[PDB]
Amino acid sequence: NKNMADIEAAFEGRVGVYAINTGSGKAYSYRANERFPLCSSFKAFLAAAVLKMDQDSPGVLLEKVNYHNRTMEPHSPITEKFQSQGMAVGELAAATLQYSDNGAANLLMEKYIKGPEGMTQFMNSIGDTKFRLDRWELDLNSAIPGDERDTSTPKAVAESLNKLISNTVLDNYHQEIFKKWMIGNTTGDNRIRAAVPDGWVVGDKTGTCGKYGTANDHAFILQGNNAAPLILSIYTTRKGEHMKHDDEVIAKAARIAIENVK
């Protein structure tokens, strides 16, 4: 528990961590360039791609999407609620990020982003050449060791998140929406957020494949007093198909990474 190698050994699996202090440049890396399953964590970038489409076509966020005749994907807490009358594109983006909504992700990749291929192209176009999304929900969650489908690296995820808040892709209006969505994420209280002092503000997106004990979290962290953000990216997976994940391992890794870049 005092260092990342000991956390990983006791977890019995693979832990990948990249953190950077965007003010000082201090970074921390542990298997930062190895591949891990994305699970739900791509959904933050999907929401950002929808924001960019609206940036490039003002009004997209208010277009309405109807899906009355759909069999809703498991883990669709918002889209199942609104099925009777549809949802605005911007609320689908908010739902897929803040609630990890699976229906919202597939709907947006069916009608706006051009499938998993289009998701990958968006990431590629901002300079992320590690990210690949290959399949739809929920098959993208298989998390098979050695399978590079639907994977990225901890460092690539961190760097892409930084790009999305550092004026390289989204204008300041759309960046602010993206950052408010991340800060309002509902699913991360037991991961990176569990490692930060009260008073710091965290915007994060989690992922939990349900296979191979695979779970992750990436975030920007605002210490306050106008400090530049910390970026943290933490991915884990294990060898056995039905092994369970462990939130506390991610939180322990977060404490180490924060200590080394703060």
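Start at 1 and count along the sequence shown; that's the residue number.
Here 167-175 and 97-105 are compared by their mean Cα B-factor, and 167-175 comes out higher. As recorded in the PDB entry, 80-88 is the stretch of 80-88 and 153-161 with the greater mean C-alpha temperature factor. Reading the B-factor column for the CA atoms of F42, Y212, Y235, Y30 in the entry, the top value corresponds to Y30.
Per the deposited coordinates, the residue with the largest Cα temperature factor out of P58, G224, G203, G207 is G224.
The deposited CA B-factor of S142 belongs to the highest third of values across its chain. Remark: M119 belongs to the middle third of its chain, ranked by C-alpha B-factor as recorded. When the modelled residues of the chain are ordered by their C-alpha B factor, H75 lands in the highest third. Ranked by C-alpha B-factor against the other modelled residues of its chain, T187 falls in the lowest third. The entry lists a Cα temperature factor for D246 that places it in the lowest third of the chain's modelled residues.
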